[PDB]
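Chemist: Before I ask anything, let me first share the structure, which is written out below as structure tokens.
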Amino acid sequence: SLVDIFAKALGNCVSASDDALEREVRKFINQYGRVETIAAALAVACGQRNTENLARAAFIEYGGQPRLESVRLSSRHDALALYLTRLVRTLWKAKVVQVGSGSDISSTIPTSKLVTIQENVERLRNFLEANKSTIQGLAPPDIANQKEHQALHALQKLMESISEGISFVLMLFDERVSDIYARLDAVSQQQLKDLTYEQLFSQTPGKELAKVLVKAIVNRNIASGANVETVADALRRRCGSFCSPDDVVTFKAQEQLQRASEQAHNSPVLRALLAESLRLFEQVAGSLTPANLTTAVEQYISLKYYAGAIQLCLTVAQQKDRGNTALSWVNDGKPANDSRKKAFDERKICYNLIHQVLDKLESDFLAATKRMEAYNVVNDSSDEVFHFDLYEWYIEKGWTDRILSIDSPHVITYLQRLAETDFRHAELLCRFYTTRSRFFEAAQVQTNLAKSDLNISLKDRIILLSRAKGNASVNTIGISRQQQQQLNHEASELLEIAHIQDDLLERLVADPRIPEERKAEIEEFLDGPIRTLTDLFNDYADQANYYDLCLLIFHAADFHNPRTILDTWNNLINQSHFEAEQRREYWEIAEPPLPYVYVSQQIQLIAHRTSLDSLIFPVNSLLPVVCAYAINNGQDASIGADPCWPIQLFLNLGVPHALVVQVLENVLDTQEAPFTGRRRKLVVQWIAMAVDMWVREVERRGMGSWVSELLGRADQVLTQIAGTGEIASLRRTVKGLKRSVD
């Protein structure tokens, strides 16, 4: 145990050094207090070797300890807070800069002072890291030592925050500072003028403003263009935790972009600058900012770099959302007040830029190359949310031909959703179908379109049905003619009802006898989707006494009530005569037509619009009514009219002569008023001219005994009328015609 004697002999020198210190320390403690003493030991340990180590030992042994939710921390802590506060007392509350509006700018604190301050702070941090194991509280550890550990941690975070802050101020005045301040916003110039170091060290606005200034100095550094990658590594390391590595790569991208605008006159040097700038942008695509993307695209369009800028926009749009949530978002359709309004919105920021590329691309115009290289990236893009945003923009510009010429993975998918709930594309798909030659479907769409609940005026729905009735009927390759005629018949019926409703709306809106408070509701209910013939009839038509339209409704509906038909015909005749007599009276006080002419015009309007079917127009029952009207109202030679205008009216419409003579036979034989007495002389004049135009029709073209019977039967009527009372000259004209027939 030889060495043990030397060891315990060393132990004889231990207590000599300890008791010397312990006594010496306490003399300084009791006189200056506990706080000031520990604070002195820390300063001496930072160099303010054995001397500096003794100061380290005193700082450990007699620093106290934390003890008491409120906690009283050790004197060792309060000493560190004091020393730190003293090292920065000259710049903490001071403004960072001194600026004048007239081209003045300067630092409040001299740079030499900032350097010495930074070296003192790093000496402190270096001491804490070089003694992380010996100092209590620095190593992880109850509540007393915890809040002790937390308060000390917050201090160290403030130290490095101070060091990075000072290094940022020194870097600021290394580059030209008057340049950035001139191109700065009034808010940022304002925040900077009253910017204190404390806000820089211990608050967010100083950090946010610092992030703005760095983003601005590099912009300027590129204009001077001394070195980008050196200013990069300068900001990357020292003031890290305040600079961002995604920003330096962006700065590296804006470097080539601006230097591509510097070398702009050169031809072969840019395709390496712009291509490498594009590589740099796509890396930080998921972190790129819309503002920086805008400035890049603007410089890209100015350098005629269209195709590359589009691919970048698609990348950034793709990068923000790996899931492509805008797919299921839009495919389902319109979930509002959601958080997914970040996916589609940020994507559209890039799309609107792409929309600006294609504007300047066509506005400006190797051009055929850049143009083709551009539209290739567009159409060959995988992002369909872009395609959906693109087709909306093309149509917005009226570039319809570009829609139909291009074929894309969702041009059908897109219009199939838009057109189904929107009127525009329901007409554009059709034009697309024409070129695609799916002619049959265009009618079905135009059919289901006119039948839809969309906001379509009644006259526009007529166009769709007029086209739908015409579209399917042309191809001749359509699969089933039995199905084709079904669509054509369905369209022909709707077109008939729509015209009636349109004519009804036209007359109703223009009717004086209708009050204006009702016309707004008429055009509200009519000018739109097509109504049922029952609604059109009962709602207004019947109430409006539009007997002509009621007859068209009866024809369109195949309604089988000949009595209501004939009553409507009589009401039509008497109404047309009433108005025509009122207009003839006002003219006697252009010359309007006589009553029977106006009545004949209303019949011919219905007779030409509706085919002369037997059910829709009854000759055997309706001719006596017009003949009765011609007599009852004196519409004959007593007003200058042809007494046979009712017969000429029917024959010129297409009614066969045999049926006309067959009715007049029933009129002459039944002797129903007004066809009685001496007025049966006019019934003979009708038959005479009717047969006269009949034999002229047989002689022109090149009938039986019951015709020759009636002619001899009317002779007794003339002698009967000649007894109760030209007639002699008419009997000879009839007998002369009887010879020609026989």
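Chemist: Would you list the helices (runs of 4 or more DSSP H) that sit entirely within segment 232-321 and hold 1 or more residues that are exposed (fewer than 15 other Cβ atoms within 10 Å of the Cβ)?
Modeler: By residue number, 245-262, 270-283, 290-302.
Chemist: Another question, then. Could you list, in sequence order, all residues of segment 320-362 that are among the β-branched types (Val, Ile, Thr) and closer than 23 Å to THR289 by Cα?
Modeler: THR325, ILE349, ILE354, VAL357
Chemist: Could you look through segment 108-136, keep only residues that are outside any helix (DSSP H, G or I) and over 30 Å from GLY64 (Cβ atoms), and pick out the one that is farthest from the chain's Cα centre (by Cα)?
Modeler: Only one residue fits best here, namely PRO110.
Chemist: When residues of segment 705-741 are filtered for being of a type in the set (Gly, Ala, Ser) and either under 16 Å from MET689 (Cβ atoms) or outside the structural domain of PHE675 (by TED's automatic domain parsing) (or both), how many remain?
Modeler: 4
Chemist: List pairs: first in segment 263-281 and assigned by TED's automatic domain parsing to the domain that holds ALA317, second in a loop (DSSP other than H, G, I, E, B) and crowded, with 19+ Cβ neighbours inside 10 Å, Cβ under 6 Å, 6+ apart or cross-chain?
Modeler: What qualifies is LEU274/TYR305.
Chemist: Can you name every residue in segment 453-486 that is more than 18 Å from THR434 (Cα to Cα) and either of a type in the set (A, V, I, L, M) or under 35 Å from the mean Cα position of the chain (by Cα) (or both)?
Modeler: Within segment 453-486, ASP453, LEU454, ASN455, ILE456, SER457, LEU458, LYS459, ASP460, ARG461, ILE462 qualify.
Chemist: For segment 485-508, state whether one or more residues are in a loop (DSSP other than H, G, I, E, B) and either among the charged types (D, E, K, R) or touching a strand residue (DSSP E or B) at 6+ places or on another chain (Cβ under 9 Å) (or both).
Modeler: Within segment 485-508, not a single residue is in a loop (DSSP other than H, G, I, E, B) and either among the charged types (D, E, K, R) or touching a strand residue (DSSP E or B) at 6+ places or on another chain (Cβ under 9 Å) (or both).
Chemist: Pick out the one residue from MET689, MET693 that is closer than 23 Å to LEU594 by Cβ, among the aliphatic types (A, V, I, L, M), in contact with a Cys (Cβ under 7 Å, 6 or more places away or on another chain) and assigned to a helix (DSSP H, G or I).
Modeler: Matching residue, one of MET689, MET693: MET689.
Chemist: Scanning segment 72-90 for residues that are of a type outside the set (A, V, I, L, M, F, W, C) and in a helix (DSSP H, G or I), which turns out surrounded by the fewest Cβ atoms within 10 Å (Cβ to Cβ)?
Modeler: Per the stated criteria, the residue is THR85.
Chemist: From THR196, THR250, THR204, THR230, which residue is among the hydroxyl-bearing types (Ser, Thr, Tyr), touching a strand residue (DSSP E or B) at 6+ places or on another chain (Cβ under 8 Å) and not assigned by TED's automatic domain parsing to the domain that holds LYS348?
Modeler: Result: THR196 is the single residue among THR196, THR250, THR204, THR230 that is among the hydroxyl-bearing types (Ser, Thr, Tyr), touching a strand residue (DSSP E or B) at 6+ places or on another chain (Cβ under 8 Å) and not assigned by TED's automatic domain parsing to the domain that holds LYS348.
Chemist: How many of the residues making up segment 717-742 are assigned to a helix (DSSP H, G or I) and more than 11 Å from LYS681 (Cα to Cα)?
Modeler: Counting residues in segment 717-742 that are assigned to a helix (DSSP H, G or I) and more than 11 Å from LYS681 (Cα to Cα) gives 15.
Chemist: Can I ask one more? Out of (1) surrounded by 18 or more Cβ atoms within 10 Å (Cβ to Cβ); (2) among the hydrophobic types (A, V, I, L, M, F, W, C); (3) part of a loop (DSSP other than H, G, I, E, B), what's the single condition that is false for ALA673?
Modeler: Only one criterion in (1) surrounded by 18 or more Cβ atoms within 10 Å (Cβ to Cβ); (2) among the hydrophobic types (A, V, I, L, M, F, W, C); (3) part of a loop (DSSP other than H, G, I, E, B) is unmet by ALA673, namely (1).
Chemist: Do we have any residue at all in segment 205-220 that's part of a loop (DSSP other than H, G, I, E, B), surrounded by 14 or more Cβ atoms within 10 Å (Cβ to Cβ) and not small (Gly, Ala, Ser)?
Modeler: no
Chemist: Of the numbered conditions (1) touching an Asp or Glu at 6+ places or on another chain (Cβ under 9 Å); (2) among the charged types (D, E, K, R); (3) assigned to a helix (DSSP H, G or I), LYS93 satisfies every one except a single condition; which is it?
Modeler: (3)
Chemist: Taking the stated definitions as given, is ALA79 under 23 Å from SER133 (Cβ atoms) and either β-branched (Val, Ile, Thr) or assigned by TED's automatic domain parsing to the domain that holds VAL121 (or both)?
Modeler: yes
Chemist: Then there is this: Taking the stated definitions as given, is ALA20 closer than 26 Å to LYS132 by Cα, assigned to a helix (DSSP H, G or I) and of a type outside the set (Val, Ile, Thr)?
Modeler: Here the answer is no, as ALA20 does not meet what is asked.
Chemist: Check whether at least one residue in segment 352-374 is of a type outside the set (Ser, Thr, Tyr), within 20 Å of the chain's Cα centre (by Cα) and in a loop (DSSP other than H, G, I, E, B), and report yes or no.
Modeler: Scanning segment 352-374, I find no residue that is of a type outside the set (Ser, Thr, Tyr), within 20 Å of the chain's Cα centre (by Cα) and in a loop (DSSP other than H, G, I, E, B), so the answer is no.
Chemist: Follow-up question, since we're still on this one. Could you please find all residues in segment 710-742 being in contact with a helix residue (DSSP H, G or I) (Cβ under 9 Å, 6 or more places away or on another chain) and among the basic types (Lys, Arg)?
Modeler: Within segment 710-742, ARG713, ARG731, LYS735, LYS738 meet the criteria.
Chemist: Here's something else I'd like to know. Residues of segment 26-71 being part of a helix (DSSP H, G or I), farther than 21 Å from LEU124 by Cβ and of a type in the set (D, E, K, R), which ones?
Modeler: Those that are part of a helix (DSSP H, G or I), farther than 21 Å from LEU124 by Cβ and of a type in the set (D, E, K, R): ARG26, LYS27.
Chemist: Output the number of the condition that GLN575 fails; it satisfies all remaining conditions of (1) surrounded by 20 or more Cβ atoms within 10 Å (Cβ to Cβ); (2) within 16 Å of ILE603 (Cβ to Cβ).
Modeler: With respect to (1) surrounded by 20 or more Cβ atoms within 10 Å (Cβ to Cβ); (2) within 16 Å of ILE603 (Cβ to Cβ), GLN575 is out only on (1).
Chemist: Can you spot a residue in segment 532-551 that is among the β-branched types (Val, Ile, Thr), buried (at least 16 other Cβ atoms within 10 Å of the Cβ) and not assigned by TED's automatic domain parsing to the domain that holds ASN632?
Modeler: Within segment 532-551, not a single residue is among the β-branched types (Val, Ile, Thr), buried (at least 16 other Cβ atoms within 10 Å of the Cβ) and not assigned by TED's automatic domain parsing to the domain that holds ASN632.
Chemist: Can you tell me which residue among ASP338, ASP401 is more than 15 Å from the chain's Cα centre (by Cα), closer than 27 Å to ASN448 by Cβ, surrounded by fewer than 19 Cβ atoms within 10 Å (Cβ to Cβ) and not β-branched (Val, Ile, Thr)?
Modeler: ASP401
Chemist: Looking at segment 657-680, I want the residues that are within 15 Å of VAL625 (Cα to Cα) and have a partner that is not in a helix (DSSP H, G or I) with Cβ atoms under 6 Å, at least 6 apart or on another chain. Which pairs are those?
Modeler: Short answer, once both residue conditions are applied: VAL667/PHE675.
Chemist: With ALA186, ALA144, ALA130, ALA139 as the choices, which residue is out of contact with any helix residue (DSSP H, G or I) (no Cβ under 8 Å at 6 or more places or on another chain) and crowded, with 16+ Cβ neighbours inside 10 Å?
Modeler: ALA144
Chemist: Only residues that are of a type in the set (S, T, N, Q) and in a loop (DSSP other than H, G, I, E, B): list them for segment 399-416, please.
Modeler: Passing the criteria: only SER408.
Chemist: Let me confirm something: among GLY333, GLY323, which residue is in the same structural domain as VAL284 (by TED's automatic domain parsing) and closer than 30 Å to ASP460 by Cα?
Modeler: Testing whether each residue is in the same structural domain as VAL284 (by TED's automatic domain parsing) and closer than 30 Å to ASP460 by Cα leaves just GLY333.
Chemist: Out of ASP321, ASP338, I need the residue that is in contact with a helix residue (DSSP H, G or I) (Cβ under 7 Å, 6 or more places away or on another chain) and within 22 Å of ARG417 (Cβ to Cβ). Which one?
Modeler: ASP321
So basically every Cβ, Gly included, is an ideal-geometry build from the backbone, and we count neighbours across all protein chains shown. Basis: the model, the stated rules and, where named, an outside source; nothing here is a laboratory result.
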